[PDB]
């Protein structure tokens, strides 16, 4: 769906964004500046989201990707216990409605996280099966080996990666399919713009063909994007998704800007190869990123070197497909991989790194003002071991990205750069240039 050419995403983990309504907080909520764990709650909430929408817009984003928000027992909310309600700590459906209306009044589209492979050990249907066993009307909605159901010391029922508090949904049951496909419809009826697929590789392609057809039938332009850490090609045959989370680009970029493992020749060859692997009409549905809730933080991956991290963002905003910033990374937050990357969002602007923030907005502005940067063909061209041009044509546009101590670039002599004008371009240490027309 074409609108993805002009999209810029901000991923939010709602428990850690903003505690607007401390009446919703649990009894043993912790302080906002606390160290995040797998078990503690900071009381982030949906009103916190409405109240800080202006920061999102100011950064340059016009789409949100939200991690789970339905009723659940954990702080991450991948153990859903009622798919038809907002978690009681997040807000009510009225709070949710109020968030949607403010979003549509700014041109901000919403994506929620579809967790259909599994649910929580506290869900009504799993908790009944535990209680009514083979007499339960929901016995077959899961894959339970025998009775009594036992989790410790090993679950006697199918689960997501062997985790006991996540029992596995039986998708071969038409009843389970019905419920599942009603989730996708119920939230589409509430003003949703699309769905991200939690671990879609743990189910089957026939299911996800069913899911596209129920989704695209509410509207063609609803967007489906698959979680996938490896090759995207399975998901882009035109029968499942519109794109994937582009972890392949993530590893190529950080390899070059942070690790030092890959030089620019290696970067471009991989980016062109990936472009050749991806099928026509699907390049611009790709969801591009440098980190998420399942990774260490960008600045931490960069060892605190802020200018180096700005090279990451420059390459991020140049690529064909839609770029996503993870909450806090724009303002300089640090942190190791989960739970460390699910720190609380600081709101006293004096603690922010505003130069990193303003760096990122500059790259957003250039892309937004340049059509070719949104709908151009992508060609990566290496200039140097330490210097690469990402060229976009619809009339070229091009971002050049230097990780060295300084350089000069001869436009007129690079055939894909030649159709631009200004002969030589000058790049400072860890420099970047953005050119057009």
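Residue numbers count along the first chain shown, from 1.
*Asks:* Between residue 371 and residue 372, determine how many residues of the deposited chain lack coordinates; answer none if the chain runs continuously, otherwise 1 to 3, 4 to 9, or 10 or more.
*Replies:* Per the record, no deposited residues are absent between residue 371 and residue 372.
*Asks:* Mean CA B-factor: is it higher for 326-334 or for 153-161?
*Replies:* Taking the mean C-alpha B-factor of 326-334 and of 153-161, the larger value falls to 153-161.
*Asks:* Mean CA B-factor: is it higher for 70-78 or for 347-355?
*Replies:* Looking at the recorded C-alpha B-factors, 347-355 comes out higher on average.
*Asks:* Going by the CA temperature factor in the entry, name the top one among 341, 93, 249, 199.
*Replies:* Most elevated C-alpha B-factor of the set, per the entry: 93.
*Asks:* Looking at 227, 294, 320, 239, which one carries the largest C-alpha B-factor according to the PDB entry?
*Replies:* Largest recorded C-alpha B-factor: 239.
*Asks:* Taking the C-alpha B-factors as the PDB entry records them, is residue 436 in the lowest, middle or highest third of its chain?
*Replies:* It belongs to the highest third of the chain when residues are ordered by C-alpha B-factor.
*Asks:* Grab the CA temperature factor for residue 109 from the record and place it in the lowest, middle or highest third of its chain.
*Replies:* It belongs to the highest third of the chain when residues are ordered by C-alpha B-factor.
*Asks:* When the modelled residues of the chain are sorted by Cα temperature factor, does residue 396 land in the lowest, middle or highest third?
*Replies:* As the PDB entry reports it, the C-alpha B-factor of residue 396 lands in the highest third of its chain.
*Asks:* Tell me, lowest, middle or highest third: where does the Cα B factor of residue 12 rank within its chain?
*Replies:* Lowest third of the chain for residue 12's C-alpha B-factor.
*Asks:* Would you check the entry's CA temperature factor for residue 137 and let me know if it's in the chain's lowest, middle or highest third?
*Replies:* It belongs to the middle third of the chain when residues are ordered by C-alpha B-factor.
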